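We begin with a single chain expressed as structure tokens, specifically the form deposited without this ligand.
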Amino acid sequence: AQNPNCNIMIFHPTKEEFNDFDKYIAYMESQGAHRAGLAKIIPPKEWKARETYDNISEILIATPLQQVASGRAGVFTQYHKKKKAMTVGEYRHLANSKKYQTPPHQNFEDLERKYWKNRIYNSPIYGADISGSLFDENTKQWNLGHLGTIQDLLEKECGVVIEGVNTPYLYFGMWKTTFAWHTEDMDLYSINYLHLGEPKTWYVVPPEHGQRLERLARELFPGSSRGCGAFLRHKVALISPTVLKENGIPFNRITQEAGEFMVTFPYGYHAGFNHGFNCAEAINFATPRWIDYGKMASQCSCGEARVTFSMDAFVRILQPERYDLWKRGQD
């Protein structure tokens, strides 16, 4: 068995290997990359996502989200308070202000220490989940707006034609902006490209151990657990590496820098934080190996998780027994 300790693997494809996206994912999996839940892909030196980032300031963040924490430093939830719209140039200035800027630090490990010590005492503002793309239309390789769609994959594997679309999302971050512990909708893959700016630190639980994280989360968030049998689908809970180590939960960590891709694999729980002003692009995707994960994915039916139009078909076809209850949660 390849990668039996579930380490995060880092890949350096050549320009020739970068042509066929599906083939390269399948290659990475042949080497055991999925066992970690997360892999890093460094593009060939010849590749670029677009020519420059000099003209992005007029992009609108219609609903910036202030991430307010509750709990203790290593075990907290966050809620998202909606703020007034602002442009990317306005948000960059805000991120660089004395109130929000990254503190002085020695290295990524010192910054990580400062994040876990201090996160809860601040409320950073995240421009998340903005439909759109920063890939140039002429970028042919690993262009996250030109991937094969999940609807087409389901149709190729299972023969059923379904409605829905699959488009990318932009994330504009600042110091301390945080992504809570989650798997993707329907336990899909994700791919995330850090277009510019400061790094993003990731934490990940191997898919084979995801239920260990769930059981810890039910213990640490006991009211939330009573409210919903899949409350990590709400995407609000944070657990620090120190707490995970104290409770014996297997995990790994890695820092993504600008110009790098990360791939999350089906049922790989992940969480993380931004180091400073940055912009990432991410999208979900599927492969043949996902289908079994999709059929087994948990679902939130309490009403909190509320998701895209396109998840309807996935539930309806892969999980017909759950469909009625889940759809009630959506309505």
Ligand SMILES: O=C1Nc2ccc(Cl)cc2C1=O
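The term rigid core refers to the maximal set of C-alpha atoms that superpose within 1.5 Å between the two forms. Shifts are known only where both forms have a C-alpha. Residue numbers here begin at 1 and follow the sequence given.
In this entry, 55-63 has the higher mean Cα B-factor, the comparison being between 55-63 and 279-287. Mean C-alpha B-factor is higher over 98-106 than over the other stretch, the pair under comparison being 257-265 and 98-106. The top Cα temperature factor in the record, among 302, 69, 41, 28, falls on 302. Highest CA B-factor among the listed residues (125, 205, 230, 239): 230.
Residue 318: CA B factor in the lowest third of modelled residues in this chain (values from the PDB entry). Among the modelled residues of its chain, residue 296 has a C-alpha B-factor that falls in the highest third, as given in the PDB entry. Among the modelled residues of the chain, residue 178 sits in the lowest third by CA temperature factor in this PDB entry.
Compared with the other modelled residues of the chain, the Cα B-factor recorded for residue 170 ranks in the lowest third. The entry lists a Cα temperature factor for residue 82 that places it in the highest third of the chain's modelled residues.
A second form of this protein, the form deposited with this ligand bound, is not displayed here; the remarks below concern that form.
The binding site of this unliganded chain is blocked: after this ligand is superimposed from its pose in the deposited bound form, three or more of its atoms come within 2.4 Å of the backbone or C-beta atoms.
Although the partner is absent here, residue 41 lies well away from this ligand in the deposited bound form, with no heavy atom inside 4.5 Å. In sequence order, the one region between this form and the one not shown where at least three consecutive C-alphas each move 2 angstroms or more after rigid core superposition is 324-328.
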